[PDB]
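Below is one structure; the comments refer to it alone.
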Amino acid sequence: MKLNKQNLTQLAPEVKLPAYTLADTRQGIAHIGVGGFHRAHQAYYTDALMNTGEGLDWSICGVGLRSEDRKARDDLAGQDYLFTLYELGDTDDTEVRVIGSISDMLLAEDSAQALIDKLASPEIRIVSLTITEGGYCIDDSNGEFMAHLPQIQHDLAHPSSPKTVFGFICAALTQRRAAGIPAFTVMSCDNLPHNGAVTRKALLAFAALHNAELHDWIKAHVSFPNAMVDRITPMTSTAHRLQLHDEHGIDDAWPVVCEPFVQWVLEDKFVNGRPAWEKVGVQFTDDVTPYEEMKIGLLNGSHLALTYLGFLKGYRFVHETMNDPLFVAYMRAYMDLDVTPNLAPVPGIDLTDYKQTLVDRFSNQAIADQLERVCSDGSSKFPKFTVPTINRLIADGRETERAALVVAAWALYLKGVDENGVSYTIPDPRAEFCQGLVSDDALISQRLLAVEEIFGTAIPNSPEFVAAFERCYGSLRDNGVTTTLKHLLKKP
Ligand SMILES: NC(=O)c1ccc[n+]([C@@H]2O[C@H](COP(=O)([O-])OP(=O)(O)OC[C@H]3O[C@@H](n4cnc5c(N)ncnc54)[C@H](O)[C@@H]3O)[C@@H](O)[C@H]2O)c1
Ligand SMILES: OC[C@@H](O)[C@@H](O)[C@H](O)[C@H](O)CO
């Protein structure tokens, strides 16, 4: 049965449906970057709220800034913007549900002015973001905005025909301001420590490139709440689409698969209101930092620790790494010895229990999360997920070898051949550049570790870290992943 408004009431009985009248909803959120995570997290909670009969004026208008986004728009439009959220997990606590909280989706390429007009509409009160970990154009080492990027210079030169996220937000804010319409909140839903502060730094820096007056008005009228967001969401696959049809009878052109667990912790800093998400499990706090350091350092950090070694070993799913005891032991040693000592207490959460739940969640066999997905964009992920932990170990004079192995694994992985002799390409926005850094084994540590916007300055200047990196890399190249882990694990 094709999913659409006509067949909504004709689906299998186990399929959960929106409880609200789809036609009564109105838009309040414009979301930039309509991918799997947005649909399985923000759209999911917004749909849940609407099912309680509240927040019907907070429907989401998706926004696609890239040509690849046309396919999402077409697929959703062909189903009256409905899509299936398909939970997969090793227990029965999984549900299949049709989500109705996204009511439209605009593509910048169809008309920049139509998109600016949507973003400047008074009913749109929050502009949310999933533009990836490296989408903010802020150098972690020195905190500066990359003003010299081509697309950034283009937007400064043609402010009414922007291409970038900051260009569209600025154009919309100036148009609202000219019409006497209040600003919206900009709500980052990407995985970065202090993601709201980063969003603010970037937008303000870009605004200052226009003038101080605009930079100052945005600083005083727009809020940028920080948040921790969590829900494992694999890439779309034909197998999952066929499984949804086989098991629940729905023909969905683009369902979103995700794990049952979901979490959202947010600072309540909204200038123009927000849905009452707290009624459906979203947690507001006065300080999200402990939550963000906990989740990014342990979950996202462990994902990088497993993914490159896993890919080299020939594994292709996260659960496969979890079926290898050496990988589980390595992950636990990384979490227990390297990350945990750096964490401040997190209200309402026991870290020992939490670490165990990460092992359980990564061990989900039914979800089939692709190592290609977790591996992707390491150039942007390392400074967010792993380097902060390494810097602390270096400053403390603590053992860096487990953390260095993650970087050594990435370096060998960049050569593009796994242990089964299979050649693969690198899904990274800076693939060519990174691959060139590892072309000469004799110069790898000197060249790879010297990229400041990825590794910072403590790493290349630490003889202890450099030594750990070099021996890990040599060991992986010569003895392979398994033996390297065996040796590392028999280490106090
Ligand atoms: N996938 C997960 O399990 C998960 C979990 C937590 C947080 N996230 C966060 O959300 C992001 C998206 O993951 P996903 O699963 O939706 O991925 P996806 O590949 O399904 O979609 C990524 C979306 O971001 C857009 N995008 C990419 N670069 C952009 C840029 N520079 N400017 C504007 N839009 C851009 C894409 O066009 C697309 O809309 C992550 O990068 C991360 O920060 C993902
Ligand atoms: O909530 C878990 C997500 O942050 C995680 O699946 C990331 O998308 C992953 O670590 C990216 O490599």
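Residues take their numbers from the sequence shown, with the count starting at 1. Just follow the structure's listing: the first ligand is 1, and inside any ligand the first atom is 1.
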Check the side chains of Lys295 and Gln263 for a donor-acceptor pair under 3.5 angstrom, ignoring hydrogens and angles.
-> no
Do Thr484 and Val481 have side chains that get closer than 4.5 Å, going by heavy atoms?
-> no
Donor + acceptor pair across side chains of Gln113, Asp117 (<3.5 Å) = yes
Can you sort out which atoms of ligand 1 are near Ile232, meaning under 4.0 Å from one of its heavy atoms?
-> 3 (O)
Top protein contact for atom 22 (C) of ligand 1, by heavy-atom distance | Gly35 CA, 4.4 Å
Under 4.0 Å from a heavy atom of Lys295: give me the atoms of ligand 2 that qualify, with their elements.
-> 1 (O), 2 (C), 3 (C), 4 (O)
Do any nitrogen or oxygen atoms of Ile32 lie less than 3.5 angstrom from nitrogen or oxygen atoms of ligand 1?
-> no
Donor-acceptor side-chain pairing of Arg332 and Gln356 below 3.5 angstrom = yes
Please state which protein non-hydrogen atom is closest to atom 24 (O) of ligand 1 and give its distance, to 0.1 Å?
-> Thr130 O, 3.1 Å
Top protein contact for atom 17 (O) of ligand 1, by heavy-atom distance | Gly36 N, 4.3 Å
Considering the heavy atoms of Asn300, write down every atom of ligand 2 situated less than 4.0 Å from one of them.
-> 3 (C), 4 (O), 5 (C), 7 (C), 9 (C), 10 (O)
Test item: side-chain donor near acceptor, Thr46 and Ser101, under 3.5 Å = no
Could you list which atoms of ligand 1 come closer than 4.0 Å to a heavy atom of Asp69?
-> 36 (C), 37 (O), 38 (C), 39 (O)
Who passes side-chain hydrogen bond (donor to acceptor under 3.5 Å, both in side chains) against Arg231, sequence neighbours left out?
-> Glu87
Would you say ligand 1 has an N or O under 3.5 Å from any N or O of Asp190?
-> yes
Which residue and non-hydrogen atom of the protein lie closest to atom 1 (O) of ligand 2, and at what distance in Å?
-> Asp230 OD1, 2.6 Å
Among side-chain atoms of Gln365 and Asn323, is any donor-acceptor pair under 3.5 angstrom?
-> yes
Protein heavy atom under 4.0 angstrom of atom 1 (N) of ligand 1, is there one?
-> yes
Give the intermediate values and the outcome of ring-ring contact (aromatic ring centres under 6.0 Å, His included) for residues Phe206 and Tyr136.
-> CA-CA 11 Å; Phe206 179 83; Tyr136 298 76; over 10 Å; no
Any non-hydrogen atom of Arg373 lying under 4.0 Å from ligand 1?
-> yes
Going by distance alone, is a donor N or O of one side chain under 3.5 Å from an acceptor N or O of the other, for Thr389 and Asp338?
-> no
What part of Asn191 sits under 4.0 Å from ligand 2 if we count only heavy atoms: the side chain, the backbone, both or neither?
-> side chain
Distance from atom 27 (C) of ligand 1 to nearest protein heavy atom, with residue and atom | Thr132 CG2, 3.6 Å
Note the single closest protein heavy atom to atom 28 (N) of ligand 1, along with its residue, its atom name and the distance in Å.
-> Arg66 NE, 3.5 Å
Return yes or no for this condition: an N or O of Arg231 is under 3.5 Å from an N or O of ligand 1.
-> yes
For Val165 and ligand 1, answer yes if some heavy atom of the residue is under 4.0 Å from a ligand atom, otherwise no.
-> no
Looking only at non-hydrogen atoms, which of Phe168, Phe37, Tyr136 approaches atom 14 (P) of ligand 1 most closely?
-> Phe37
Does one side chain, of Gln79 or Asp252, offer a donor that lies under 3.5 Å from an acceptor on the other?
-> yes
Proximal atoms of ligand 2 relative to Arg231 (non-hydrogen, under 4.0 Å) | 1 (O)
Can you find a heavy atom in the side chain of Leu149 that is under 4.5 Å from one in the side chain of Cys137?
-> yes
Minimum non-hydrogen distance to atom 12 (O) of ligand 2, winning option of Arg373, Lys381, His303, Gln263 | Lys381
So do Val256 and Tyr44 actually touch side chain to side chain, heavy atoms under 4.5 Å?
-> no
Heavy-atom check, side chain of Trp410 versus side chain of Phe311, under 4.5 Å | no
Nearest candidate to atom 33 (C) of ligand 1, where distance is taken over non-hydrogen atoms, out of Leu129, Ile131, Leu192 | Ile131
Nearest-contact summary for atom 7 (C) of ligand 1 - protein heavy atom, Å = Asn191 ND2, 2.9 Å
